[PDB]
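Quick notes on the structure that follows.
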Amino acid sequence: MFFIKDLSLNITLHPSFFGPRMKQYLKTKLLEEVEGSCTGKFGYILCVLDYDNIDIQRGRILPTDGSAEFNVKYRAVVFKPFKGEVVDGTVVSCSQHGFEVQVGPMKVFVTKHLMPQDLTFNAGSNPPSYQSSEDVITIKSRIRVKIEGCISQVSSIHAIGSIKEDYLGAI
Amino acid sequence: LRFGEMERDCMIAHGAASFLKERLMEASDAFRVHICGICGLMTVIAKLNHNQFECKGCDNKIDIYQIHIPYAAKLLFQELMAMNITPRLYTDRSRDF
Amino acid sequence: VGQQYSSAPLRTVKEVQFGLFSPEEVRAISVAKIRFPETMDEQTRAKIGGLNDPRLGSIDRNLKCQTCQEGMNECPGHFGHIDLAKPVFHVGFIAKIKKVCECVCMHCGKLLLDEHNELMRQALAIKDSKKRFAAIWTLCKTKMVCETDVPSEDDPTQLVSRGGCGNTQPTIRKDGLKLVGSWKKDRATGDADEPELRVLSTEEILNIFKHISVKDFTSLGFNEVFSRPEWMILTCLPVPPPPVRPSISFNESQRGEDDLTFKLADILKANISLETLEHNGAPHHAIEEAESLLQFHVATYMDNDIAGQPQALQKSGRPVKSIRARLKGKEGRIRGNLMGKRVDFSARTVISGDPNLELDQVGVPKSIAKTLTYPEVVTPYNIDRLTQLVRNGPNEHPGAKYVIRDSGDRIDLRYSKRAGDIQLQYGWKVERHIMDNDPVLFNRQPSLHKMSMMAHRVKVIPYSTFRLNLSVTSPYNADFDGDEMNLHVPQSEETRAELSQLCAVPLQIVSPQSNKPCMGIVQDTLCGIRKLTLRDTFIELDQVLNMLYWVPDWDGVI
Amino acid sequence: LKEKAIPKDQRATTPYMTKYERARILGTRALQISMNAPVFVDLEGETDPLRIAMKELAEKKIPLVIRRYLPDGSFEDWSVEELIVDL
Amino acid sequence: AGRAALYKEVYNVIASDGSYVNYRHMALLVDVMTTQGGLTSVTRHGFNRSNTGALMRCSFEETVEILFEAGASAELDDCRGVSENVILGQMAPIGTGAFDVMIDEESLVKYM
Amino acid sequence: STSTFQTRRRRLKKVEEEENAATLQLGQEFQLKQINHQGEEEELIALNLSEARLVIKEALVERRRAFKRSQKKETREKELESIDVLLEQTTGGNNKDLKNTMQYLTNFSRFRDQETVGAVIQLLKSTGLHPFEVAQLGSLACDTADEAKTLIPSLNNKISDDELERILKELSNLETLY
Amino acid sequence: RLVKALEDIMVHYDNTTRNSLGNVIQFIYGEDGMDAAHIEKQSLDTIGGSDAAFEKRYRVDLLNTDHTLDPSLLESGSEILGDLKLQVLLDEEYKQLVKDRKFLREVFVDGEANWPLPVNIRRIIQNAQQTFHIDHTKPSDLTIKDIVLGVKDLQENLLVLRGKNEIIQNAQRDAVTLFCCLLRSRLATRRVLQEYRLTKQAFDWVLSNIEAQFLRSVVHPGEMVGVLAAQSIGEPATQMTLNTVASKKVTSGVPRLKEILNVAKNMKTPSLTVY
Amino acid sequence: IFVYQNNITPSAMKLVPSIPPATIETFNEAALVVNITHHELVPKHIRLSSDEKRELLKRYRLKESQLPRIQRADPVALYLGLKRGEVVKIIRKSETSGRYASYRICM
RNA sequence: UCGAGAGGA
DNA sequence: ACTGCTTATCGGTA
DNA sequence: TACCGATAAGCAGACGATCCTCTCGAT
Ligand SMILES: [Mg+2]
Ligand SMILES: [Mg+2]
Ligand SMILES: [Zn+2]
Ligand SMILES: [Zn+2]
Ligand SMILES: [Zn+2]
């Protein structure tokens with residue numbers, strides 16, 4: 001799933017930063033905003049690849065104000081999930097409704113009805129568990145989930161995945 | 001004091017593009033509006049605090065841009081809109097010429 | 001700026017696309033239902049959810065506006081929608097609708113003339129827009145009936161099929177707001193020899209226009225997505241928000257609504273009559289007698305100064321303002337607000353002549369210099385200057401009216417508890433009074449040519465009057481016989497440079513109009529130079545030294 | 001269409017700086033200096049940013065490039081150093 | 001020969017009272033009126049009925065008429081004219097605005 | 001405000017396309033054959049959990065080299081702690097997403113040592129399958145041909161059941177030790 | 001109407017006069033490409049005068065006792081006499097000068113020599129005589145090969161259009177023509193020594209000064225031109241006192257402009273001239 | 001070329017567009033009595049081939065339409081008998097340049 | 001603010 | 001204030 | 001006689017210095 005995307009970003013720079021340490025500041029201003037940021041269109045922008053050779057080209061100094069509009073052409077790693085993509089992560093949150101699974105930067109929730117009927121929640125256990133026989137889902141326990149649906153929400157993509165199907169479940 | 005047609009024409013002749021732009025904007029009208037990239041219409045609901053920028057009927061919260069135009073041009077485009085005419089403000093080039 | 005920062009990106013408008021509003025998109029774009037034709041009051045107060053602020057543009061002091069708030073100065077207003085009981089024609093596209101009706105044949109909705117006709121191919125040859133349609137109209141205008149089989153000399157003798165039902169298209173004329181058709185037939189059958197007359201309602205026209213083929217749009221100069229011929233007939237009308245038709249503040253409790261607010265309510269009134277008339281016991285010729293009125297209101301709303309016959313009066317017996325007449329040329333929106341407008345940082349006073357002034361110099365009265373301001377940004381190059389100035393306040397000569405912080409806040413030095421204080425941080429703006437040698441634009445109406453609009457060096461002088469050098473009288477063509485003149489102070493370092501590098505008076509000495517200079521020595525200067533330049537007169541030592549000292553760039557050598 | 005322009009080799013435009021270029025380069029540099037931009041020329045106690053902007057043009061220490069657009073959309077990028085200041 | 005005759009007639013009026021206006025000025029107008037194929041009237045239905053962008057032509061006489069035909073014939077104003085830029089409150093591509101000015105990183109470090 | 005790379009054409013509203021699914025109906029941006037900053041038509045770069053791990057590590061190791069250049073004028077659990085230190089140097093603590101990503105990537109990586117992953121990519125990026133399928137096969141551990149065909153439904157008829165098993169068995173040998 | 005008709009019109013970076021749309025109105029502004037302010041009405045000495053005086057003032061004949069240059073004018077005046085190599089260049093000089101007379105007469109039929117052109121040569125030689133304090137007593141430092149070649153070498157550097165191809169190179173040659181015609185009129189080898197009396201120092205300076213003033217005289221891409229023209233014709237139109245032997249009554253003043261701009265099926269005075 | 005003395009019936013003008021690529025033209029006796037090109041005001045009009053035309057639009061960066069236009073029924077256009085697309089280089093005496101080269105495309 | 005009327009270079 | 005654009009009667013083409 | 005362009009006999013929709021300053025009356 002993890003894609004490499006060579007997308008760009010327009011950055012308007014104030015005239016006071018038109019000093020020799022401009023390239024370094026503009027490259028940092030790119031990481032400051034883009035690196036860590038998440039969008040519905042591209043997903044989680046994880047890491048801006050190759051700090052050396054980032055195209056800055058020329059920044060047009062705006063009409064009535066002295067600021068320069070620098071288009072910063074870059075390449076980065078993105079985490080954009082899909083509805084049907086099978087991913088195996090680690091359970092973090094667990095309650096009567098279900099359990100949340102941390103797959104990379106994204107948290108995938110699994111409902112009580114999206115998991116097998118012959119499982120059921122166990123409140124009288126610390127940390128909260130999902131037993132059946134020798135298979136128990138707790139605070140850690142790595143599982144394999146099939147993303148049933150994707151949700152955009154702010155700058156953080158979330159998903160409602162299932163584990164009730166063949167070759168899925170606990171790993 | 002009115003900077004009429006004759007006044008504008010004289011400034012064009014001089015070639016002073018920034019002064020003419022300053023007198024028509026900064027010295028008078030000048031209004032910031034958020035426009036839908038998809039349509040080109042001022043149909044964007046620009047919430048500056050909650051950031052719910054989406055244009056109803058377009059569903060987008062992404063392809064939205066802010067523009068500096070004279071408030072009278074905004075009113076002109078709205079008057080045209082009120083007359084079933086669409087003056088779609090496009091921020092992208094598509095004909096070269 | 002329209003005040004405050006926005007996380008959205010600012011971009012230059014590269015092109016503006018034109019078209020027609022699809023009644024489908026108007027309904028999507030809308031935020032208001034507009035059921036009630038009443039403006040203010042619930043009936044109580046603060047405008048009902050019918051006409052004005054149901055979920056659109058705010059009113060007096062309240063920000064409200066569809067949860068987004070923002071307030072009057074930021075709220076661009078949000079369009080509503082009024083569903084029309086029966087479809088109606090758009091005033092502008094009246095003749096266009098008639099010409100398309102005379103082009104594409106009825107009952108089938110297909111072109112009268114096809115590619116089979118040699119002249120139609122010659123007409124379709126130009127990939128224009130309107131000039132292609134000009135030929136398409138004249139060709140389809142005649143040839144009254146629709147066809148089925150037509151080619152006889154490109155195919156042996158037999159004619160092959162190409163079109164649908166071969167019904168006769170009628171001759172169409174204008175009976176005011178409506179168009180009527182005259183069917184022929186009469187060949188030894190019905191109606192003896194006199195033609196058949198029918199009233200062509202929008203509902204009929206719209207159906208034919210909806211069945212018009214995709215390639216019949218392009219042939220007639222119409223767009224597949226921007227200008228569909230159907231959209232020339234309004235089924236849903238957009239209602240403009242208050243910034244378009246402002247309510248106005250008439251004391252604590254009254255009204256004083258815009259002409260457009262009353263006109264839109266007049267459309268709703270006529271729409272609501274039809275709304276019930278169509279639903280309830282339909283008295284045939286009673287709906288049409290109110291439909292022609294709804295057609296009339298929706299017409300005068302966009303264009304009141306309509307062709308010859310109709311006219312609308314608002315009561316008192318004076319007409320109503322139309323959107324066409326609002327943005328109509330000559331001091332109306334386009335020519336009065338956009339191509340020329342009233343501007344801030346400007347002055348006007350009676351002009352006088354001066355021999356002791358420099359050519360490019362201007363005499364600015366203190367009461368103008370003190371009133372007009374230039375925003376000078378705080379840098380290490382000024383500070384102490386701008387600081388001494390801030391301390392002088394809005395009443396002393398160097399002074400300053402406002403001080404702009406790092407954040408968007410003006411410090412009116414007239415008032416303010418920190419007026420005497422103010423540390424003055426860097427990058428801050430100081431709205432300082434105009435000082436000497438400040439490049440400022442000067443002008444005299446009518447501004448007929450390149451000059452009569454020249455950049456001048458300021459010289460703050462006493463007495464409420466604009467002082468000018470006599471030699472620059474000619475470019476402005478101004479005598480001092482009670483003549484008034486304008487002035488414009490630039491607000492940027494760039495715009496003030498754009499004047500001092502191009503619009504400067506000494507720069508504009510040689511006229512590119514006649515190839516000769518435009519300034520010369522006139523009146524006393526010219527009359528005196530004759531009396532001086534001659535062998536007859538000489539000047540003795542006492543007057544000779546004062547003469548030499550008066551020259552500013554004198555070498556000091558007698 | 002797909003990334004136009006003209007190389008810094010073979011250019012049909014005037015090697016001399018247009019009076020409009022000078023006015024813009026001077027005006028913008030002055031605006032930038034006014035907006036606290038770092039100055040490249042050795043200041044001679046100059047309080048006015050335009051006096052500095054003019055001094056910046058004398059030594060040709062302005063790091064500005066002019067994109068001269070042709071009517072077909074193609075452009076020639078001329079650095080203020082290349083442009084000779086006669087006028 | 002029609003433009004040559006047009007210039008002669010145009011100039012003869014400037015020459016009639018108060019000499020003169022430089023050739024280039026009239027030769028421009030004359031060439032404008034003729035580099036169309038024939039004679040182009042300096043009226044509402046002469047020059048104003050041209051291939052030019054909607055907003056430019058709407059600012060001279062035929063306003064709401066041109067704006068309606070712009071929407072009806074789905075016109076697209078290229079935003080290359082003086083008038084459209086003034087209406088849009090943007091820097092017109094006239095003289096000072098006829099070019100873009102950028103800053104060079106290669107140059108900036110070179111000067112220090 | 002980073003919306004770029006594969007832009008145009010938008011002609012009024014649009015249908016939105018189709019829902020993003022495992023039928024290789026990927027985002028209108030993630031086309032199998034996309035563009036480049038140079039201009040060429042470059043194939044979609046999809047990384048598996050092993051590739052992506054040694055891609056961010058490579059970029060960040062080479063980031064610190066350049067970050068400290070301007071300042072002038074390999075064991076399971078030990079990989080976790082070393083990367084944690086690197087993330088504090090190269091990037092700020094604000095980027096919590098990259099910290100969650102790196103922690104996940106290093107614990108779920110099928111191939112740790114660079115040498116093996118090179119052969120994994122030479123084995124997978126030769127099968128004649130969509131880059132996403134390759135990125136999924138190299139990320140998800142599969143024992144059965146049916147296991148892979150069920151977890152990656154994009155396959156099914158795309159590859160032979162027996163021939164897919166040859167690849168799946170080859171990966172088990174290529175597997176690193178944790 | 002004039003100013004609205006010529007808004008869009010501007011001189012482009014490719015020395016062409018186009019508009020908003022991009023249609024070419026003029027290929028070179030005012031057909032010569034000179035910024036209207038840098039122009040002065042200069043008289044062409046080649047067109048005006050008798051054929052006898054023209055031969056007298058311009059023809060240099062080293063192969064003659066009376067039609068040669070006296071060694072009181074040239075430093076090498078006796079050793080230049082009868083030279084076949086040097087007289088070929090002076091035949092080449094006079095043959096272009098005789099073509100100049102025939103070509104100028106084709107353009108300016110009425111005989112008028114006083115025409116508005118850039119670079120005031122009348123003053124540039126006046127300036128040289130004072131800047132270098134040149135005396136009529138001593139002969140020039142210049143040679144025939146220094147003068148005639150130096151003038152033709154100057155003509156090469158007088159640039160309007162920057163080219164590479166046949167069209168722009170021919171457009172450049174067309175753009176100058178009339179100006180370099182005046183240059184041959186004023187910088188003719190004979191005239192240089194007989195009237196001006198220039199030294200090698202002053203002549204090399206004048207060649208550079210003409211080159212400099214010309215490159216300054218060219219139109220700036222960005223000049224409004226159209227608005228400039230529209231205002232420049234509309235401005236005198238305001239001060240037109242008389243609204244109309246020649247005939248007795250014709251149509252002139254402001255009402256004639258009405259006709260010319262309206263275009264124009266009005267009678268008034270449609271009086272034609274037969275020769 | 002076909003020369004008539006009075007009037008060609010519009011029916012004898014109907015079979016004229018037929019038979020390509022043969023270009024058939026009509027000229028009246030009275031129209032041809034005096035040469036229009038020989039007139040004082042009329043300048044030199046020179047036809048340009050597809051080889052010549054393509055070089056002009058390429059070097060002057062023109063897009064065919066942008067070029068000044070000449071009427072099809074123009075006296076000098078019919079004199080050279082050119083069709084839509086054919087460009088003519090107009091050489092005229094310029095009272096500022098000496099001589100100026102203009103260009104006009106046929107309609 | 002609308003509309004009329006008046007007044008000025 | 002100008003010259004225009006849209007439409008009733010009418011001789012001749014084959 | 002089935003057609004095909006002629007020159008009239010009529011009608012119509014939009015305009016006309018740029019700025020400036022003052023006063024009086026609602027329906
Ligand atoms: Mg257009
Ligand atoms: Mg006066
Ligand atoms: Zn939209
Ligand atoms: Zn709002
Ligand atoms: Zn039909």
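FYI, nothing fancy with the structure tokens labels: chains A, B, ... in order, residues from 1 per chain, ligands from 1 as they appear.
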request  = Give the alpha helix (DSSP H) residues of chain D, as assigned by DSSP on the backbone, as an NGL selection string.
outcome  = :D and (19-34 or 49-58)
key: Contacts of region 168-172 of chain F within 8 Å, only C-alpha atoms (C1' of nucleotides), excl. fewer than 4 positions in-chain, as a ChimeraX atom specification   = /F:120,142-145,164
Let me see the file: selected residues, N, CA, C and O atoms, as an mmCIF file, in the first residue's frame.
data_model
loop_
_atom_site.group_PDB
_atom_site.id
_atom_site.type_symbol
_atom_site.label_atom_id
_atom_site.label_comp_id
_atom_site.auth_asym_id
_atom_site.auth_seq_id
_atom_site.Cartn_x
_atom_site.Cartn_y
_atom_site.Cartn_z
ATOM 1 N N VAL F 120 13.552 -9.950 -3.398
ATOM 2 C CA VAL F 120 12.089 -10.013 -3.230
ATOM 3 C C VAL F 120 11.420 -9.174 -4.328
ATOM 4 O O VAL F 120 10.484 -9.642 -4.979
ATOM 5 N N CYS F 142 1.758 -15.309 3.328
ATOM 6 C CA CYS F 142 0.807 -16.310 2.845
ATOM 7 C C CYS F 142 1.444 -17.673 2.629
ATOM 8 O O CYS F 142 2.524 -17.770 2.041
ATOM 9 N N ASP F 143 0.757 -18.724 3.105
ATOM 10 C CA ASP F 143 1.171 -20.124 2.996
ATOM 11 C C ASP F 143 0.465 -20.813 1.827
ATOM 12 O O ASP F 143 1.082 -21.629 1.137
ATOM 13 N N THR F 144 -0.827 -20.486 1.607
ATOM 14 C CA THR F 144 -1.631 -21.065 0.530
ATOM 15 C C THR F 144 -1.782 -20.138 -0.660
ATOM 16 O O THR F 144 -1.683 -18.915 -0.511
ATOM 17 N N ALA F 145 -2.048 -20.734 -1.846
ATOM 18 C CA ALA F 145 -2.326 -20.017 -3.089
ATOM 19 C C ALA F 145 -3.685 -19.354 -2.900
ATOM 20 O O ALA F 145 -3.826 -18.171 -3.197
ATOM 21 N N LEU F 164 1.657 -19.348 -8.688
ATOM 22 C CA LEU F 164 1.629 -18.397 -7.576
ATOM 23 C C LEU F 164 2.271 -19.044 -6.338
ATOM 24 O O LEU F 164 2.988 -18.368 -5.599
#
Within-8 Å residues of ligand 4, basis only C-alpha atoms (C1' of nucleotides) and all ligand atoms, as JSON, numbers by chain = {"B": [45, 46], "C": [56, 57, 58, 65, 66, 68, 69, 70, 71, 72, 74, 75, 76, 77, 78]}
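Taking only C-alpha atoms (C1' of nucleotides), the non-local environment of residue 2 (chain J) within 10 Å (same-chain residues fewer than 6 positions away omitted) comprises residues 258, 259, 262, 263, 264, 265 and 266 of chain G.
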I need the chosen residues saved as a compact mmCIF listing (two decimals), in the first residue's frame, with N, CA and C atoms.
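Listed below is the output, again.txt:
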# COMPACT_ATOMS: atom_id res chain seq x y z
N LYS G 258 -16.31 62.71 -37.07
CA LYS G 258 -17.55 61.95 -36.83
C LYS G 258 -17.73 60.94 -37.95
N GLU G 259 -17.66 61.42 -39.21
CA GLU G 259 -17.81 60.62 -40.43
C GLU G 259 -16.73 59.53 -40.50
N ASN G 262 -17.38 56.97 -37.63
CA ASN G 262 -18.65 56.26 -37.78
C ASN G 262 -18.60 55.22 -38.90
N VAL G 263 -17.94 55.56 -40.03
CA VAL G 263 -17.79 54.71 -41.22
C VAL G 263 -19.20 54.35 -41.82
N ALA G 264 -19.86 55.24 -42.62
CA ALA G 264 -19.53 56.61 -43.10
C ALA G 264 -20.27 56.90 -44.42
N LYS G 265 -21.46 56.30 -44.63
CA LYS G 265 -22.22 56.50 -45.89
C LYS G 265 -22.97 57.85 -45.96
N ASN G 266 -22.27 58.95 -45.62
CA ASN G 266 -22.79 60.32 -45.64
C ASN G 266 -22.20 61.10 -46.80
message = If you run DSSP on the backbone here, which positions in chain E get strand (DSSP E or B)? Please write them as a PyMOL selection string.
response = chain E and resi 76-77+99-103
Those residues with C-alpha atoms, as a compact mmCIF listing (two decimals), in the first residue's frame please?
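Wrote it out as again-v1.txt, contents follow:
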# COMPACT_ATOMS: atom_id res chain seq x y z
CA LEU E 76 -14.62 32.46 -22.14
CA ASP E 77 -12.79 35.74 -21.41
CA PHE E 99 6.59 40.61 -17.17
CA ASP E 100 7.07 38.56 -13.98
CA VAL E 101 10.00 39.10 -11.57
CA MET E 102 11.54 36.20 -9.58
CA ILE E 103 14.44 35.75 -7.13
query = Counting only C-alpha atoms (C1' of nucleotides) and all ligand atoms, which protein, DNA or RNA residues come within 8 Å of ligand 1, given as an MDAnalysis selection string?
reply = chainID E and resid 51:54 70 75:78
ask   = Can I get the residues close to ligand 2 as a PyMOL selection string, where close means within 7 Å and we count only C-alpha atoms (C1' of nucleotides) and all ligand atoms?
value = (chain C and resi 478-479+481+483) or (chain I and resi 9)
Only N, CA and C atoms (P, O5', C5', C4', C3', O3' and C1' of nucleotides), please: the residues just picked out, written as a PDB file, in the first residue's frame.
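Output contents, as saved in again_6.pdb:
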ATOM      1  N   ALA C 478      -4.244  74.383 -17.397  1.00  0.00           N
ATOM      2  CA  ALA C 478      -4.912  74.985 -16.251  1.00  0.00           C
ATOM      3  C   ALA C 478      -4.482  76.399 -15.930  1.00  0.00           C
ATOM      4  N   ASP C 479      -5.447  77.329 -15.935  1.00  0.00           N
ATOM      5  CA  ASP C 479      -5.255  78.716 -15.503  1.00  0.00           C
ATOM      6  C   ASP C 479      -5.587  78.728 -13.998  1.00  0.00           C
ATOM      7  N   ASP C 481      -7.770  80.821 -12.436  1.00  0.00           N
ATOM      8  CA  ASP C 481      -9.038  81.555 -12.325  1.00  0.00           C
ATOM      9  C   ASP C 481     -10.156  80.769 -11.603  1.00  0.00           C
ATOM     10  N   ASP C 483      -9.681  77.540 -10.658  1.00  0.00           N
ATOM     11  CA  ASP C 483      -9.478  76.161 -11.079  1.00  0.00           C
ATOM     12  C   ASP C 483      -9.155  75.272  -9.892  1.00  0.00           C
TER      13      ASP C 483
ATOM     14  P     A I   9     -15.963  79.317 -13.687  1.00  0.00           P
ATOM     15  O5'   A I   9     -14.768  78.267 -13.888  1.00  0.00           O
ATOM     16  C5'   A I   9     -13.530  78.414 -13.171  1.00  0.00           C
ATOM     17  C4'   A I   9     -12.423  77.595 -13.822  1.00  0.00           C
ATOM     18  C3'   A I   9     -12.209  77.868 -15.309  1.00  0.00           C
ATOM     19  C1'   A I   9     -12.520  75.512 -14.922  1.00  0.00           C
TER      20        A I   9
END
Cut-off 12 Å, only C-alpha atoms (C1' of nucleotides) and all ligand atoms, neighbours of ligand 3 as JSON, numbers by chain = {"B": [34, 35, 36, 37, 38, 39, 40, 41, 42, 43, 44, 45, 53, 54, 55, 56, 57, 58, 59, 60, 61, 62, 63, 64, 65, 86, 88, 89, 90], "C": [25, 26, 28, 29, 30], "F": [10, 11, 12, 13, 14]}
Could you save those same residues with N, CA and C atoms as a short mmCIF file (atom, residue, chain, number, x, y, z; two decimals), in the first residue's frame?
data_model
loop_
_atom_site.label_atom_id
_atom_site.label_comp_id
_atom_site.auth_asym_id
_atom_site.auth_seq_id
_atom_site.Cartn_x
_atom_site.Cartn_y
_atom_site.Cartn_z
N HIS B 34 -13.80 33.49 -1.11
CA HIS B 34 -13.40 32.13 -1.37
C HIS B 34 -14.26 31.59 -2.49
N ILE B 35 -13.61 31.08 -3.54
CA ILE B 35 -14.29 30.55 -4.72
C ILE B 35 -13.98 29.07 -4.93
N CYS B 36 -14.99 28.34 -5.41
CA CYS B 36 -14.93 26.91 -5.70
C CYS B 36 -14.13 26.67 -6.97
N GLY B 37 -13.09 25.85 -6.86
CA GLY B 37 -12.23 25.48 -7.98
C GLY B 37 -12.99 24.69 -9.03
N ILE B 38 -13.94 23.84 -8.57
CA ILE B 38 -14.79 23.01 -9.41
C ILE B 38 -15.72 23.85 -10.30
N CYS B 39 -16.48 24.80 -9.70
CA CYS B 39 -17.42 25.64 -10.44
C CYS B 39 -16.82 26.93 -10.96
N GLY B 40 -16.31 27.74 -10.03
CA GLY B 40 -15.75 29.06 -10.30
C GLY B 40 -16.62 30.12 -9.66
N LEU B 41 -17.67 29.68 -8.96
CA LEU B 41 -18.65 30.54 -8.31
C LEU B 41 -18.32 30.79 -6.83
N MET B 42 -18.77 31.95 -6.30
CA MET B 42 -18.61 32.40 -4.91
C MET B 42 -19.51 31.60 -3.93
N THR B 43 -19.89 30.38 -4.32
CA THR B 43 -20.78 29.47 -3.58
C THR B 43 -20.09 28.78 -2.39
N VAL B 44 -18.84 29.16 -2.09
CA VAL B 44 -18.09 28.60 -0.96
C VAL B 44 -18.56 29.20 0.36
N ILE B 45 -18.81 28.32 1.34
CA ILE B 45 -19.19 28.68 2.70
C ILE B 45 -17.86 28.66 3.48
N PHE B 53 -14.83 24.59 5.04
CA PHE B 53 -14.77 25.37 3.82
C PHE B 53 -15.70 24.92 2.68
N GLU B 54 -16.21 23.68 2.72
CA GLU B 54 -17.04 23.06 1.67
C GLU B 54 -18.12 23.95 1.03
N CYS B 55 -18.21 23.84 -0.32
CA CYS B 55 -19.17 24.51 -1.19
C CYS B 55 -20.34 23.53 -1.40
N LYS B 56 -21.53 23.88 -0.85
CA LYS B 56 -22.76 23.07 -0.96
C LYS B 56 -23.13 22.85 -2.42
N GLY B 57 -23.29 21.59 -2.80
CA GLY B 57 -23.59 21.19 -4.17
C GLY B 57 -22.37 20.67 -4.89
N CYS B 58 -21.17 20.96 -4.35
CA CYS B 58 -19.89 20.50 -4.90
C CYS B 58 -19.22 19.42 -4.03
N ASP B 59 -19.57 19.36 -2.72
CA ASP B 59 -19.10 18.41 -1.70
C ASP B 59 -17.60 18.54 -1.34
N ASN B 60 -16.84 19.35 -2.10
CA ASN B 60 -15.40 19.54 -1.87
C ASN B 60 -15.05 20.50 -0.76
N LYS B 61 -13.99 20.16 0.00
CA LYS B 61 -13.39 20.94 1.07
C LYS B 61 -11.91 21.18 0.71
N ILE B 62 -11.49 20.66 -0.46
CA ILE B 62 -10.11 20.72 -0.95
C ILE B 62 -9.90 21.79 -2.04
N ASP B 63 -10.57 21.66 -3.21
CA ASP B 63 -10.40 22.59 -4.33
C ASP B 63 -11.09 23.93 -4.11
N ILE B 64 -10.61 24.69 -3.11
CA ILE B 64 -11.14 26.01 -2.73
C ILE B 64 -9.98 26.99 -2.63
N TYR B 65 -10.13 28.18 -3.25
CA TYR B 65 -9.11 29.22 -3.25
C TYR B 65 -9.68 30.59 -2.90
N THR B 86 -23.74 32.73 -15.43
CA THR B 86 -22.65 32.19 -14.63
C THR B 86 -21.28 32.76 -15.04
N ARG B 88 -18.19 32.11 -14.08
CA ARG B 88 -17.26 31.14 -13.48
C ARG B 88 -15.81 31.66 -13.44
N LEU B 89 -15.36 32.10 -12.25
CA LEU B 89 -14.00 32.59 -12.02
C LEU B 89 -13.03 31.40 -11.94
N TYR B 90 -12.31 31.16 -13.04
CA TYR B 90 -11.36 30.07 -13.14
C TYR B 90 -9.93 30.53 -12.85
N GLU C 25 -28.64 23.03 -10.48
CA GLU C 25 -27.51 23.51 -9.68
C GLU C 25 -27.89 24.67 -8.76
N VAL C 26 -28.85 25.54 -9.18
CA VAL C 26 -29.35 26.66 -8.36
C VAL C 26 -29.96 26.10 -7.05
N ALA C 28 -29.15 23.24 -5.73
CA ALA C 28 -28.03 22.66 -4.98
C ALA C 28 -27.26 23.75 -4.23
N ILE C 29 -26.94 24.85 -4.94
CA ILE C 29 -26.22 26.04 -4.49
C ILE C 29 -26.96 26.77 -3.35
N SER C 30 -28.30 26.80 -3.43
CA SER C 30 -29.19 27.46 -2.48
C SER C 30 -29.02 27.04 -1.02
N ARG F 10 -10.99 19.18 -14.90
CA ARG F 10 -12.23 19.25 -14.13
C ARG F 10 -13.30 20.08 -14.87
N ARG F 11 -14.26 19.38 -15.49
CA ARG F 11 -15.32 20.02 -16.27
C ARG F 11 -16.69 19.88 -15.60
N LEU F 12 -16.97 20.83 -14.67
CA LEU F 12 -18.20 21.00 -13.88
C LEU F 12 -18.67 19.76 -13.10
N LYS F 13 -18.60 19.87 -11.76
CA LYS F 13 -19.03 18.91 -10.73
C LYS F 13 -18.36 17.52 -10.82
N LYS F 14 -18.64 16.75 -11.90
CA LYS F 14 -18.13 15.40 -12.19
C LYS F 14 -18.77 14.33 -11.28
#
